[PDB]
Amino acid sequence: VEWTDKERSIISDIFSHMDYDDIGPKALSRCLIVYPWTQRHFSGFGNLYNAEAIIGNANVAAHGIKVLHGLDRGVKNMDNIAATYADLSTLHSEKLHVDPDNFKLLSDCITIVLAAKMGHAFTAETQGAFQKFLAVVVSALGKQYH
């Protein structure tokens, strides 16, 4: 992607106003409830019994926060995303066996949770830049052919 200055500014603004401790746990818990098959990568997280358990699970929260901080390296260098996530890609694939389709599901949950937080400030243009950035990260993680 050839980023416009406006896209860079939007992405920078979004991440600098995001409360990772709030957004991260919400995004991952939402993904585990809306696409429950993803719970299989979190066996030893404890209480994953129902929505209430998942939403309050501190292990799920810790991991959702890690996911958001994992996006920081992409934000820091938007022109080198595929290379930056190469090791994370190998980890989730070879070691963790996460299905490449799961990155897209989680990224839609991050977008939906951010939309709920931002409310009317999550304009179409904001949504377009944010989803475009997540699409690039998802491609690198899932090792899509391009």
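Throughout, we count residues from 1 along the sequence that is shown.
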- Where do the C-alpha atoms have the higher mean temperature factor in this entry, in 41 to 49 or in 97 to 105? 41 to 49
- Using the B-factors recorded in the PDB entry, average over the C-alpha atoms of 32 to 40 and of 84 to 92, then report which stretch comes out higher. 84 to 92
- Task: Could you say whether, by C-alpha temperature factor, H120 belongs to the lowest, middle or highest third of its chain?
- Result: highest
- Please place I23 in the lowest, middle or highest third of its chain by C-alpha B factor as given in the entry. middle
- Relative C-alpha B-factor of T111, binned into the chain's lowest, middle or highest third: lowest
